[PDB]
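Here you'll find one protein chain in two forms, each presented separately as structure tokens under the names structure 1 and structure 2.
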Structure 1
């Protein structure tokens, strides 16, 4: 399983990505819910009012029943238009949030894959170091059993070998936790993963930092969220300023009234005083309203929206400083990874030559066995450092493509063509 197939399995079933997709679609249905109250509203009503009279109403009872039909439709209300535009802008913010955690999904599965590969070759280098130290210990024990060296050398070799055994144990644990992190990201357990080439692994210097700064100012998704939040705050200002505005709405009705009377006073001139009525009504009428003075509520809301807009502009400037820091730090990290790859290749070559030299010097009696053992540790530390530098170079390539906001599937396709051969994620 190479990186592309891991990402194909991950994007298809990651829970956080689908949760963000659910939030995006909920925001679009909120657009529909905010466009709702500008439409016609129909509602039916009915009543059945028993009544009783007393204290100069004694003997007057009534059973008034009714059944109405309402219709409401606003004619000029600016606040509902403002709420509709605000919901559209909030859905745009939710859409760019979905885009940015698509990017974060790609970055997370890439760093989990490379953490697994780094744990694999750290375990393999620790195993090779343990093998070399055990070979030295076995050779010195064969020397001691014929009486050629003292027991100090085999005891020092035994001590070094036991320390490397403990390091191998904790390296195996780190491998198991790394593959558990990969399972937690993708949802699958992988027996083998494609490893990295080392014989044709070449590094490329990135673009100049000004071109990256211009592309980050054009394309970074956090800066887009900040810009959309700023224009949303300006729309909040407009929403309060249109809270100043008057109102006008239309209302229609259709209702039947079936009032009837009973009681002792209705045994009098109930004809034309309290008589039954089959009355129906068709009503259609406007309604105007104009808030003149509200105690300064709308002015305080305008000033609150202005202070919130100033805060949103400061949020935009903070996000701009953060993205500048991000692209400059990742640029420095890429150059650091290239220089450290070259330095660690040179260090590996020199440490190998030094290990051969100290082995010859120990065989001639210039160096001790402790010299051979710590030369071995320095060599395998240099090898582990070289592997870490390679994986840091690849993850910094992904970080510079994410901070530009252009991280997508084809970058994974490129550094998936970087990978070559299947290595097992669980050796014996």
Structure 2
């Protein structure tokens, strides 16, 4: 697979994103729970009661039962309207959370993909260095057996070879760990990935940092979430202040009730008054309430909400300083990776131009072939640094777009066009 195909398998299956999507959908569904207390409430209540009188009420027993339907709706209750507007804002903050979890899956997928390619390259250079050291060790061992070379060069070549074997085990383990990080993100193992097209690769210069700052201040998701969180804290001032207001509810009902009586005091002539009784009632009523004073409670709640809003407005300054530092340090790291790729490219070309002359003249007889062994280390050091610098440029080129908040699938497509030939994640 290439980076784009790997990302489709991640996007479809990844549980971090899919949990975040479910947690977002729950917050949008809670808008209907938050709406519901403004709508007509309707319930049935019913009762049965036996009763037995004693002490002045002695000799009166009774048996009663009743039921009613009860409608209710608020005509004016701003505390319910505030619970709805707070949920609409809370759902908005949760959608920007989901957009951030969606955008970070792109960056983590690319990071895991390039970590596997970087581990394949580090292993490949370690193996190429091992084979070059082994060829020099063998040739030194032949020249020692012919008596041209002292055993001390064979001992030095063995120490080089034995330590590079321990480095190959380390590089192999790093690759065999990196593919499991890619499995955890994507849900899948890949036998081969599309490699970086280093035969045609080139670096573009970023936009001037003033343009990046002005863009991030429009579209960065962390800054947007901080603005929405300040507005939710401001709405909580109004939700506290509206605790001083009057309240008005409409209520309506249809009820039915039955009663009977028994016991010695209800017997005889008294049974004319303690006769069986039956009733139905329809009714409508407006209930009004106004808190006049509550120990200063609402005035404390308003001051607490004002301090919470001050806290949220300083948390927005914290978010603003954070994104300003993030775009500037990303811009620095792109310019540093561009200029260090250019430096390491010349270091590799000059180390190759050295080694191509060394491996000829010092095999032919100019000096001991241990100088070709030492020249070999400079080249495979420089090739590891150059490869690592290329992957740092590619990762920082996505990182700066995450700092703008613009990072999306079309940026994976742009980097996927810099890939070409497949390479196996599991060498022999």
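Between two forms, the rigid core is the largest collection of C-alphas that superpose within 1.5 Å. Residue numbers count along the first chain shown, from 1.
**Q** Which single residue of 372, 34, 386, 398, after superposing the core, moves its CA by 2 Å or more between structure 1 and structure 2?
**A** Spelled out, the residue whose C-alpha shifts by 2 Å or more is 372.
**Q** Answer yes if the CA of residue 363 moves 2 Å or more between structure 1 and structure 2 after aligning the rigid core, and no otherwise.
**A** Yes.
**Q** On a rigid core superposition, would residue 78 pass a 2 Å threshold for CA movement between structure 1 and structure 2?
**A** Stays below the 2 Å threshold, so no.
**Q** Once you line up the core, how about residue 270: does its CA shift reach 2 Å between structure 1 and structure 2?
**A** It does shift by 2 Å or more.
**Q** Once you lay the two forms on top of each other by their rigid core, how far has the C-alpha of residue 350 moved between structure 1 and structure 2, in Å?
**A** Looking at the C-alpha of residue 350 between structure 1 and structure 2, the offset is 2.3 Å.
**Q** Rigid core superposed, residue 199 Cα shift between structure 1 and structure 2 in Å?
**A** Its C-alpha shift, to one decimal, is 1.5 Å.
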